[PDB]
Amino acid sequence: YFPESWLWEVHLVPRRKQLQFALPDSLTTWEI
Amino acid sequence: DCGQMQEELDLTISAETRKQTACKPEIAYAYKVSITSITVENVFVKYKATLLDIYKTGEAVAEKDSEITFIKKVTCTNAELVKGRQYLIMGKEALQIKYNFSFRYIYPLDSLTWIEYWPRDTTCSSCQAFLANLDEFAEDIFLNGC
Amino acid sequence: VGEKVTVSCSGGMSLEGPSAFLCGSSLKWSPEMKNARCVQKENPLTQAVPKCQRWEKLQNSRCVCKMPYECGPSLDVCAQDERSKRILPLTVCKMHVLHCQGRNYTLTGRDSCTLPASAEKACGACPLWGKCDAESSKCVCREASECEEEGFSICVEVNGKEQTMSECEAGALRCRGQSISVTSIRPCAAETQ
Amino acid sequence: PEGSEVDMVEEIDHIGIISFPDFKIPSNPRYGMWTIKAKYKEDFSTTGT
């Protein structure tokens, strides 16, 4: 797969919210 | 790709080893023909031909007499070819694409290939047993194959 | 905002474009098309039928010969040299593939050469006209309905008369010990009307 | 990077977040430090960069 960036998203958080997603094949630190 | 050829007019050489060689999974060009002419780009001097017969002109190939190239390279000095000479050989099939609709039967003449001269007269040249052994090998590939 | 959508054309209809989209601030959708193709050429070219034959191997949407070695499973018979009167063993498909390649050949009588298929075989080496019997070391000849091989059609004398039949049927008659005599690897004139 | 302007794009603000269409880099670019300037298309200056 190998992205340089992702998760580029906007959400309403009604005091708590949870998202679920695949981390990519890149064996590197992802800064969120 | 560079290797070496067998010597011309070899006395009583193993004809069954030729069948084994032509049967190999790496073997998919095999024919008897005249060498016709040669070319210039030194890693693929083209070596045009006059097709007499074929036995495992294999992968996506067709019927004989096509007179196509069988290229050569400068480091293969033990595999020299003579213009107008009849010859026998075996090796891998051609890379099948080019600027034309196909590169079909443009032979690579690569390393570890079989090569030898094919006798144009054998009655005069002592015992015809060497040319007859080649004819028995060609008959065996045509009848039994691999 | 932040809700996502996934898109497809209806069943069996070929959609062109990106698969999924996300609702941004309050109006945008990205990266969806302005105009699109929900459906396409879902049916390929069919029955192209290149011109094969028993001595043949059609290719590139056209007819062609087969290799004589690929024709090697054909029934064994007597034949003669391409430029001499001398007799030798041969197979009908290998001879036909050679003639398709423009090579010379000649015919011979049913006893003119030491053809390996000239009588009934043992188990473990049976021709296409037979098979091994259960718990037995001998081969058995099949019926003409057991024709799993494609086969040539050939000319043979039976009951005192020349008749055309399938190569596998002539092979079954030969293996079972029926009174026959092969006359050519080509079919007879007998089907003329 | 040569200071020549190459596009403009507008979007309305609903949230205090404003997501713009994904500007594709032109088919042969000048490499180096492109700049994004932003202004309200209203009676405000408010340049951000």
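Note that the numbers count up from 1, one per residue, in the order the chain is shown.
Backbone N, Cα and C define each Cβ position, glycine as well.
The disulfide bond feature in Swiss-Prot is assigned to C:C9-C:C38 (among others). Using a 10 Å Cβ-Cβ cutoff, C:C9 (disulfide bond) registers 15 neighbours.
Residues or ranges marked as region 'Factor I module (FIM) 1' by Swiss-Prot: C:45-120. Break the region 'Factor I module (FIM) 1' (C:45-120) down by DSSP state and the numbers are 9 helix, 16 strand, 51 coil.
Listed in sequence order, there are no same-chain residues at least 6 apart in sequence whose CB falls under 8 Å from the CB of C:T46 (O-linked glycosylation site). Sequence annotations record features per position, and here Swiss-Prot assigns O-linked glycosylation site to C:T46 based on experimental evidence.
All protein chains considered, the CB of C:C52 (disulfide bond) has 14 other CB atoms within 10 Å. For C:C52-C:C63 (among others), the entry in Swiss-Prot reads disulfide bond.
Feature annotation from Swiss-Prot assigns disulfide bond to C:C65-C:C100 (among others); the stated evidence is experimental evidence.
The disulfide bond annotation in Swiss-Prot covers C:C71-C:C93 (among others) and rests on experimental evidence. The Cβ neighbour count for C:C93 (disulfide bond), using a 10 Å radius over every protein chain in view, is 23.
Per Swiss-Prot, disulfide bond is recorded for C:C78-C:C113 (among others), and the stated evidence type is experimental evidence. Same-chain residues at least 6 positions away in sequence with a Cβ under 8 Å from that of C:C78 (disulfide bond) are, in sequence order, C:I87, C:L88, C:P89, C:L90, C:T108, C:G109, C:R110, C:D111, C:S112, C:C113, C:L115.
Marked as N-linked glycosylation site by Swiss-Prot on the basis of experimental evidence: C:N104.
Here Swiss-Prot flags C:121-193 as region 'Factor I module (FIM) 2'.
The 10 Å shell around the Cβ of C:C123 (disulfide bond) contains 14 further Cβ atoms across the protein chains shown. The annotation disulfide bond is assigned in Swiss-Prot to C:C123-C:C132 (among others).
Listed in sequence order, C:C132, C:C139 are the same-chain residues at least 6 apart in sequence whose CB falls under 8 Å from the CB of C:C126 (disulfide bond). Per Swiss-Prot, the feature disulfide bond maps to C:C126-C:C139 (among others); the stated evidence is experimental evidence.
Following the DSSP three-state reduction, the secondary structure of C:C141 (disulfide bond) is strand. Just so you know, the Cβ of C:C141 (disulfide bond) picks up 20 other Cβ atoms within 10 Å once every protein chain is counted. Marked as disulfide bond by Swiss-Prot on the basis of experimental evidence: C:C141-C:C175 (among others).
What Swiss-Prot records for C:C147-C:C168 (among others) is disulfide bond. Sequence-distant neighbours of C:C168 (disulfide bond) (same chain, 6+ apart, CB under 8 A from its CB) are C:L128, C:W129, C:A144, C:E146, C:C147, C:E149, C:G151.
Packing around C:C155 (disulfide bond) is summarised by its Cβ count: 18 other Cβ atoms lie within 10 angstroms of its Cβ, all protein chains included. What Swiss-Prot records for C:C155-C:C188 (among others) is disulfide bond, and it gives experimental evidence as the kind of evidence.
Chain B comes within the C-beta cut-off of under 8 angstroms for the following of the disulfide-bonded residues C:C52, C:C63, C:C65, C:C93: C:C65. Secondary structure at C:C155 (disulfide bond), as computed by DSSP, is strand. Each of the disulfide-bonded residues C:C65, C:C71, C:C147 was assessed for Cβ neighbours inside 10 Å, and the highest tally belongs to C:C71. Ranking the disulfide-bonded residues C:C100, C:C155, C:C175 by Cα distance from C:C123 (disulfide bond) puts C:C175 first.
You'll find the Cα of C:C141 (disulfide bond) roughly 22 Å from the Cα of C:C71 (disulfide bond). Looking at C:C93 (disulfide bond) and C:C100 (disulfide bond), their Cα atoms lie 10 Å from each other. C:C38 (disulfide bond) falls outside any helix or strand according to DSSP and counts as coil.
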